[PDB]
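Here the structure comes first, spelled out in structure tokens, and everything after it is commentary.
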Amino acid sequence: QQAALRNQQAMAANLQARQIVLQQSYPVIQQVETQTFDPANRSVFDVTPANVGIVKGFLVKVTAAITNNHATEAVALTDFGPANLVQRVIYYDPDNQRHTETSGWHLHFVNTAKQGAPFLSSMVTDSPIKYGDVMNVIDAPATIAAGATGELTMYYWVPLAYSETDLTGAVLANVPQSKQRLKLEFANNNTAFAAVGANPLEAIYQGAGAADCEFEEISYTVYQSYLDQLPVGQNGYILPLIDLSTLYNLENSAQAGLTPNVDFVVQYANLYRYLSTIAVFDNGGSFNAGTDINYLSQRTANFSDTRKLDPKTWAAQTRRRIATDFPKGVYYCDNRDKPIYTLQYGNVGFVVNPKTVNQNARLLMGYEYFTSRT
Amino acid sequence: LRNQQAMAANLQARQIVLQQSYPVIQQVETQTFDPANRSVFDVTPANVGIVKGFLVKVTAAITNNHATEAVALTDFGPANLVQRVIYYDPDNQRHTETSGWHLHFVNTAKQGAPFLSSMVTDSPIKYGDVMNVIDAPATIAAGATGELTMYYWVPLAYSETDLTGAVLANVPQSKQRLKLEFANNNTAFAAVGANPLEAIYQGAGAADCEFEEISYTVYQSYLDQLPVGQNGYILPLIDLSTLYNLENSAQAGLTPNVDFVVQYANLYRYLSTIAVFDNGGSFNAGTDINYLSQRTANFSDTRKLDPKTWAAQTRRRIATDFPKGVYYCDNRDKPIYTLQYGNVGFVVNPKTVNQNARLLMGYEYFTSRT
Amino acid sequence: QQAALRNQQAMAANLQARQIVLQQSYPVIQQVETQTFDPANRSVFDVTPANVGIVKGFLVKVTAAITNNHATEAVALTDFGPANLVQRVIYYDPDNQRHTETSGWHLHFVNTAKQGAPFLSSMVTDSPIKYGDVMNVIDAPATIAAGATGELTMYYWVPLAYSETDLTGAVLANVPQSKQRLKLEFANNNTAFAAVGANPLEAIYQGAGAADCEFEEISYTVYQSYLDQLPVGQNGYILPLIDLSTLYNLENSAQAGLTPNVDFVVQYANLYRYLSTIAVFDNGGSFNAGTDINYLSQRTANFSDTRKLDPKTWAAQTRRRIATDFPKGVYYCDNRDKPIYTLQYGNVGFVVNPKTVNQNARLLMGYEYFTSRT
Amino acid sequence: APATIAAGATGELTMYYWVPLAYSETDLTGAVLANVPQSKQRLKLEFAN
Amino acid sequence: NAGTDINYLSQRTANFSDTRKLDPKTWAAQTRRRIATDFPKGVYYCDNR
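Protein chains in written order, with the entry's author numbering: chain E, 11 to 384; chain G, 15 to 384; chain H, 11 to 384; chain B, 150 to 198; chain L, 298 to 346.
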């Protein structure tokens, strides 16, 4: 019957231990690996991080030099640009369980959503003191002319723990036996450059000189963030067992079958607690600023929409979250305080009712969620 | 507790039945007809002993009446001589309900090689395709008549030694129903450019092809002289109270580079899965797929593989590849089984998606009658 | 004295735990790494697999594009062909202990022996239904003409566990500290192409156009097969300790000193339990279909041959095992049910009594064996 | 290393470096215990060009 | 369209059995018994009252 007291007590014990760990341990961010390579030779890498304490996440620095060898035509950044330097990232913990498995662009948009502004960007102000884009932390030339070489830098934070204060999703890596694995599939000369008229979704640059663009090199450095000198007690190490037994993951998917003026519904799976949802309307390679959509919504089994909104009003809600708009055709939904959980109510779905549908149209979905390891 | 003993008893009873009864394969019905008149038949098997399955022999003569154009076998060919099969037991409970091609592919998966095929070897002794057990001419030229032979095994029992799914009909009284829908002049021939999925021949002369006639003979396989003990007949109650069925379904909504997930239902113990990528009438050898997988919600992929590596696993099971666009997955040792609907899904992430694309699914599973 | 009861009990406990692990865990096959490279730049790679649960083995997919740039002459596949895409494979477990260390051709012949037919081949039948070589799982053009480019695909299974049901040789990889290592030494432009008259043993193609053949690229993908969600008990994880403390390895060697009509004997070492033996008679670069051999045998210290047979009768025994013959000059011996163990009887040797011996003749031996980790 | 390389000639060089962790073969001061599968050691070499 | 683009319509239970798998005209016949005429082209009705 009742006995649910266990949960209540478990939550309290988990929160208490989390606090003790945060108070007693010390945060460390350490380089684990750096490599420079030619994408023509290789683009997929498997990084083996260190097994020390509780791992919170990885900061991945990526730099690249791209030369546009075309005789006459230039190329220009796509909407995602340097966020496409990493095509896909997948993490496995010591028990070989998969956590995040998503695209670089999705990971980057979530980094932005969680910062509350374009990730690691430099705001512009009227200050006479010379603050500004001094260090080019995330940077890429808007265009690369025929014969020119452009230099790019972009960063991604691959999260395990939900935040610096909420260790839900963190990973205990102390078993010398099995290693963690951070797999990075980088852009290469076949994904980074889109010809005029081709789909720019996964590309960095697009334009009439694309066929002659090539990477001179790509370099990456993985920094691992963790907590060391974990606190001990009578029963050994004090550890938030729920935090460490919960997966905090980002995943993406693709769905097709849209038709003008008809509700296109993407169901949320059960068991997962969805914190945020991103929907990219790849309208056959065209990315529009809401003009190809009637409305978007989140709906429960009951025909009840909780936020059926026209595109600009939907965008207004997002401006309250990241202080600007996501790129054309990218829509965001924050459900952090009340995660979508199909057990709480009936099934739930994310809805897009398109106004215009080009051939090969599809919705690319990105999700942020918590789920029990077991 | 219990069960340990229920299963132990079931297995003991199965063994006694196999040891004491005697297997019989008997013709129950034969018929010749012209599909222009009829193509659906309801065969009434005999209610005797424990029924294990039915071997269905189908022969047909196809005439290409075109003036100058020929037709050639589709990838499924004679496997499409039977379009669908449905079996109802004496208690009005359905077991298998699937297509002829899916049934045939499962027959192959269970044999471990193309069903009833003749393997080619260097033997100087004249073994070989002597009897043309499953046979069909590669092409039928304009004005020619081709002769075809096809066999299907409709299973009730899982195998010759595992009676799970078998049917007790020595008593039931009420009749069994083996429903067969055969190919006809509208399904057997595909014009150039048309979808060849359900057809036997395709080509420029298709519009003028027709069946001269089709014949079928159903053989029933059962166990007779059932063993009797104290309480009466010794029977494996679990085996006889479990359904072993094959079923098919169709799913659409595929989009390039996006995971297309087909959820497995709960309650069923899925032994195998077949997925056919009918890419708008085009059937490709993996080139239109990024990867296939089986996935558990919140536990990721247990076998996310590129098409060739997926095909490699299948080569270990049937010693060759299934036809273009046909993908197989063996889960016999550890059946897909979720207590919650869709806690597991079959995944196909397509590279190329043509108009009218869809996945035709085929399942082999066990489930309780109750 | 007795007390050997311990062994008997240990075996029972090992078998019981193996069964529980097989029944309770779930099998997973997951990609760990993929790379495309130019053999002119590099051909040796060290792959770091994931440390998750009990590792059973690795399925390695290798593809390549080879162009014959010769102006006029073609090249043809050698007897081993694509099986020589990988020259050598070596595996080290987390404790840095070496398991398999052998040639790609030997590993492939053992894959065939254990399947009971040419590994991952497509048999030919009279079926009218279009089964067949649809997916080209293991494939290579028989010849590559002057100016043409051929595409190849081959697969190797690198075993740790003996089989899917016998976990002897499997590896427990849970220590985050030390990584496993799978080293692959691939073919390159110096090993893959043999000139007319040169030794074809390690080459893929041989012919008058060989000097102008080159790889355009080689690509590999390593898939790791393992058991996850291992069963736990009162004493923690239930594990077959003998299985996990036994090495199941493949190794190869070379011996010379053959003389016509004289028994050439290769001794089996002590301690190892030899499951199979492969002997390749590289008769100075010539590979013959038994015609250069009087007989082969396995012999114990006692002049007692257990199977002294003429080449065709030896080949007949092999046809019962793999349903066909191994390539010219390749001889196989199955000792799986009663492994050669020099403790069981005196020393034992594999014998070849050659009829003809060319200059630079040698026997290349391949062994499959079990041995105690300690 | 050849003392000189004439116009048009190619010279071949060989050199060795011992990068010490331990002070000597008998004094292990400075040696490194490398048994944690997690984190790797790293030896960076910046060559002449 | 007036049924010409449909093979059949039905109501089916998980048991995979159909309680009324009918060709379009026969499906329409059942509706004619309910409303004394046919619904407009492409509109199909099913009474489960």
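Ideal Cβ placement from N, Cα and C applies to all residues, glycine included.
| Item | Value |
| --- | --- |
| Segment contact, 8 Å Cβ cut-off, at least three pairs: the stretch 216 to 227 of chain E with the stretch 69 to 83 of chain E | yes |
| Cβ of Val-185/B within 8 Å of any chain H Cβ | yes |
| Min CB distance residue 440/H to chain E below 8 Å | It is not possible to answer for residue 440/H, since the shown part of chain H is limited to 11 through 384. |
| Within 7 Å of chain H by C-beta, residues of the stretch 136 to 160 of chain G in sequence order | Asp-143, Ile-148, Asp-149 and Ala-150 |
| Segment contact, 8 Å Cβ cut-off, at least three pairs: the stretch 349 to 358 of chain G with the stretch 248 to 263 of chain G | no |
| Contacts that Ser-314/L makes with chain G (C-beta to C-beta distance below 7 Å) | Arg-108 |
| Own chain residues within Cβ distance below 7 Å of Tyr-236/H, not counting five before or after | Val-38, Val-62, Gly-63, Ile-64, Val-65 and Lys-66 |
| Outcome for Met-164/G when other beta-carbon atoms lying within 10 angstroms are tallied against a minimum of 16 | buried |
| Whole-angstrom C-beta distance between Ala-325/G and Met-145/H, which should lie under 8 Å | 4 Å |
| Chain-ordered chain G contacts of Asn-24/E [CB-CB under 7 Å] | Ordered by position in chain G, no residue passes the 7 Å Cβ test against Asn-24/E, which lies about 19 Å from the chain. |
| Residue-level contact to chain H via CB, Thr-82/G, 8 Å cutoff | no |
| Beta-carbon separation (whole angstroms), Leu-260/H vs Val-120/H, contact threshold 8 Å | 6 Å |
| Minimum C-alpha distance to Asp-48/G - residue among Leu-117/G, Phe-196/G and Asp-143/G | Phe-196/G |
| Bridge partner(s) assigned by DSSP for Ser-188/E | None; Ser-188/E has no bridge partner. |
| Chain H residues whose Cβ lies nearer than 7 Å to that of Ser-131/G | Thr-135, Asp-136 and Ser-137 |
| Neighbour-count burial assignment, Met-21/H, 16 or more Cβ in a 10 Å radius | exposed |
| Closer than 8 Å to chain B by CB, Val-62/E | yes |
| Local conformation of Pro-37/G per DSSP, three classes | strand |
| Interfacial residues, the stretch 329 to 342 of chain G to chain D, with Cβ spacing under 8 Å | This model lacks chain D altogether, as its protein chains are E, G, H, B and L. |
| Contact test: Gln-125/E Cβ vs the ligand NAP heavy atom, cutoff 7 Å | The ligand NAP is absent from the structure shown, which contains no ligands of any kind. |
| Among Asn-199/G, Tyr-233/G and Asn-262/G, the one whose alpha carbon lies nearest that of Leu-95/G | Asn-199/G |
| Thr-88/E, DSSP secondary structure in three states | coil |
| Residue interval of the beta strand (DSSP E) (run including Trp-167/B) | Element bounds for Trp-167/B: n/a, residue is neither H nor E. |
| Bounding residues of the alpha helix (DSSP H) (the contiguous stretch that carries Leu-117/H) | 114 to 125 |
| Euclidean distance between Cα positions of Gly-114/E and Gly-295/E | 18 Å |
| Among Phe-55/G, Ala-50/G, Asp-222/G and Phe-90/G, nearest to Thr-159/G - alpha-carbon criterion | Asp-222/G |
| Interface residues of chain H facing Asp-48/G [CB-CB closer than 7 Å] | Within 7 Å Cβ-Cβ: nothing; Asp-48/G doesn't reach chain H, min ~23 Å. |
| Against chain B: residues of the stretch 174 to 201 of chain H by CB proximity under 8 Å | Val-185, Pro-186, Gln-187, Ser-188 and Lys-189 |
| C-beta neighbour in chain E for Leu-285/G, strict 8 Å | no |
| Residues near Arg-331/L by beta carbon distance below 6 Å, same chain, minus five either side | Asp-344 |
| Buried versus exposed call for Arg-309/H [16 or more other C-beta atoms within 10 Å across all chains shown] | buried |
| Proximal chain H residues relative to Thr-44/E, where beta-carbon distance stays under 8 Å | Result: empty, since nearest Cβ-Cβ is about 16 Å, beyond 8 Å. |
| Terminal residues of the alpha helix (DSSP H) in which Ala-326/E lies | 321 to 332 |
| Buried versus exposed call for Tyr-341/H [16 or more other C-beta atoms within 10 Å across all chains shown] | buried |
| Where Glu-378/G meets chain L, residues with beta-carbon distance less than 8 Å | Result: empty, since nearest Cβ-Cβ is about 14 Å, beyond 8 Å. |
| DSSP beta-bridge partners of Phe-274/H | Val-362/H |
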